[PDB]
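Asks: What follows is entry21.txt; its format and atoms are compact mmCIF, N, CA, C and O atoms.
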```txt
# COMPACT_ATOMS: atom_id res chain seq x y z
N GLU A 160 102.37 137.17 133.11
CA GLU A 160 102.11 136.47 134.39
C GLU A 160 100.75 135.78 134.36
O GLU A 160 100.53 134.79 135.07
N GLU A 161 99.83 136.29 133.56
CA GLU A 161 98.55 135.63 133.36
C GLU A 161 98.76 134.30 132.64
O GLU A 161 98.11 133.30 132.94
N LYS A 162 99.70 134.31 131.70
CA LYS A 162 100.13 133.10 131.03
C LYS A 162 100.78 132.15 132.03
O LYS A 162 100.56 130.94 131.98
N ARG A 163 101.60 132.70 132.93
CA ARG A 163 102.19 131.93 134.02
C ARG A 163 101.13 131.12 134.74
O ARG A 163 101.28 129.92 134.95
N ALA A 164 100.06 131.80 135.10
CA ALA A 164 98.95 131.18 135.81
C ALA A 164 98.29 130.09 134.98
O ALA A 164 97.72 129.15 135.51
N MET A 165 98.38 130.22 133.66
CA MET A 165 97.87 129.20 132.76
C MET A 165 98.82 128.02 132.73
O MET A 165 98.40 126.87 132.70
N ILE A 166 100.10 128.33 132.76
CA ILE A 166 101.13 127.33 132.78
C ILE A 166 101.08 126.55 134.09
O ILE A 166 101.24 125.33 134.12
N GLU A 167 100.81 127.26 135.17
CA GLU A 167 100.73 126.63 136.48
C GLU A 167 99.34 126.09 136.74
O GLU A 167 99.07 125.54 137.80
N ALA A 168 98.47 126.25 135.77
CA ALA A 168 97.21 125.54 135.77
C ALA A 168 97.41 124.19 135.10
O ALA A 168 96.57 123.29 135.18
N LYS A 169 98.55 124.08 134.44
CA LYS A 169 98.96 122.85 133.79
C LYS A 169 99.95 122.12 134.68
O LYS A 169 99.83 120.91 134.89
N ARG A 170 100.92 122.85 135.20
CA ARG A 170 101.79 122.34 136.24
C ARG A 170 100.96 122.02 137.45
O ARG A 170 101.16 121.00 138.10
N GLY A 171 100.02 122.90 137.74
CA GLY A 171 99.10 122.68 138.82
C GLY A 171 98.30 121.43 138.60
O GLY A 171 98.06 120.66 139.53
N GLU A 172 97.91 121.22 137.35
CA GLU A 172 97.16 120.03 136.96
C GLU A 172 98.05 118.79 137.04
O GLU A 172 97.59 117.69 137.36
N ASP A 173 99.33 118.98 136.75
CA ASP A 173 100.30 117.89 136.77
C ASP A 173 100.70 117.55 138.19
O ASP A 173 100.92 116.39 138.53
N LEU A 174 100.79 118.56 139.02
CA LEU A 174 101.02 118.38 140.44
C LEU A 174 99.78 117.77 141.07
O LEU A 174 99.86 116.96 141.98
N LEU A 175 98.64 118.17 140.54
CA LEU A 175 97.36 117.61 140.90
C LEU A 175 97.29 116.16 140.47
O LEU A 175 96.59 115.34 141.07
N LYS A 176 98.02 115.86 139.42
CA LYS A 176 98.16 114.51 138.92
C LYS A 176 99.10 113.76 139.82
O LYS A 176 98.89 112.61 140.16
N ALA A 177 100.16 114.44 140.21
CA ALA A 177 101.18 113.85 141.04
C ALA A 177 100.65 113.62 142.44
O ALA A 177 101.06 112.69 143.14
N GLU A 178 99.71 114.46 142.85
CA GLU A 178 99.06 114.29 144.13
C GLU A 178 97.99 113.22 144.02
O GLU A 178 97.57 112.62 145.00
N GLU A 179 97.55 113.02 142.80
CA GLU A 179 96.65 111.95 142.46
C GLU A 179 97.38 110.63 142.50
O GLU A 179 96.86 109.63 143.00
N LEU A 180 98.59 110.61 141.97
CA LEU A 180 99.44 109.45 142.10
C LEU A 180 99.83 109.29 143.54
O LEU A 180 100.05 108.19 143.99
N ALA A 181 99.85 110.39 144.25
CA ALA A 181 100.07 110.34 145.68
C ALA A 181 98.85 109.71 146.33
O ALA A 181 98.95 108.98 147.31
N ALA A 182 97.69 110.00 145.75
CA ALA A 182 96.43 109.45 146.23
C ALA A 182 96.33 107.96 145.91
O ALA A 182 95.58 107.22 146.54
N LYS A 183 97.09 107.52 144.92
CA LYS A 183 97.14 106.10 144.58
C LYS A 183 98.24 105.42 145.35
O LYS A 183 98.05 104.38 145.96
N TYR A 184 99.40 106.04 145.30
CA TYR A 184 100.61 105.49 145.85
C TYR A 184 100.61 105.48 147.37
O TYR A 184 101.38 104.74 147.98
N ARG A 185 99.75 106.30 147.98
CA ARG A 185 99.49 106.18 149.41
C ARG A 185 98.95 104.79 149.71
O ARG A 185 99.03 104.30 150.84
N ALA A 186 98.39 104.18 148.68
CA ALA A 186 97.98 102.79 148.73
C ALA A 186 99.08 101.95 148.12
O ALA A 186 99.13 101.76 146.91
N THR A 187 99.98 101.48 148.98
CA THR A 187 101.17 100.74 148.58
C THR A 187 100.85 99.51 147.70
O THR A 187 101.75 98.93 147.09
N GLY A 188 99.58 99.14 147.64
CA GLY A 188 99.14 98.12 146.71
C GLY A 188 99.49 98.46 145.27
O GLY A 188 99.60 97.59 144.41
N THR A 189 99.68 99.75 145.03
CA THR A 189 100.14 100.24 143.74
C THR A 189 101.66 100.07 143.63
O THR A 189 102.39 101.04 143.44
N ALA A 190 102.10 98.83 143.76
CA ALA A 190 103.52 98.50 143.83
C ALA A 190 104.37 99.00 142.65
O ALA A 190 105.49 99.47 142.88
N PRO A 191 103.90 98.90 141.38
CA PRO A 191 104.70 99.28 140.21
C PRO A 191 105.38 100.65 140.32
O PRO A 191 106.58 100.76 140.05
N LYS A 192 104.63 101.67 140.73
CA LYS A 192 105.14 103.04 140.76
C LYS A 192 105.68 103.42 139.39
O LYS A 192 106.89 103.61 139.20
N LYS A 193 104.76 103.53 138.45
CA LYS A 193 105.09 103.76 137.06
C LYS A 193 103.80 104.00 136.30
O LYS A 193 102.73 104.03 136.89
N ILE A 194 103.90 104.16 134.99
CA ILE A 194 102.72 104.13 134.15
C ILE A 194 102.13 102.73 134.18
O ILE A 194 102.70 101.80 133.62
N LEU A 195 101.03 102.60 134.89
CA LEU A 195 100.38 101.31 135.07
C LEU A 195 98.91 101.43 134.71
O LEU A 195 98.47 102.47 134.21
N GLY A 196 98.14 100.38 134.98
CA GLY A 196 96.74 100.34 134.60
C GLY A 196 95.85 101.15 135.53
O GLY A 196 94.75 100.74 135.87
N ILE A 197 96.35 102.31 135.93
CA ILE A 197 95.63 103.25 136.76
C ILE A 197 96.48 104.50 136.96
O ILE A 197 97.28 104.59 137.89
N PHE A 198 96.32 105.46 136.07
CA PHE A 198 97.19 106.62 136.04
C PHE A 198 96.47 107.79 135.38
O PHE A 198 95.83 108.58 136.10
```
Output the structure of this file as structure tokens.

Replies:
Amino acid sequence: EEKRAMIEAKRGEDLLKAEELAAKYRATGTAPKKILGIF
């Protein structure tokens, strides 16, 4: 389960990334919604 927490520190990081894309995509100016020049 300690490994779990490490895995979810990566999933967490990826969700943190996804929330980061949420932080970008909340700005609809980021029209592509894909791997773009800001990711």

Asks: Looking only at the backbone, which of the residues in chain A does DSSP tag as alpha helix (DSSP H), as an MDAnalysis selection string?

Replies: chainID A and resid 161:166 170:184

Asks: As an exercise, work out the distance from atom C of residue A:166 to atom C of residue A:178 in Å and give it to one decimal place.

Replies: 16.9 Å

Asks: Have a look at atom N of residue A:174 and atom O of residue A:186 and let me know their distance in Å, one decimal.

Replies: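 Pair atom N of residue A:174 / atom O of residue A:186 returns 18.6 Å.
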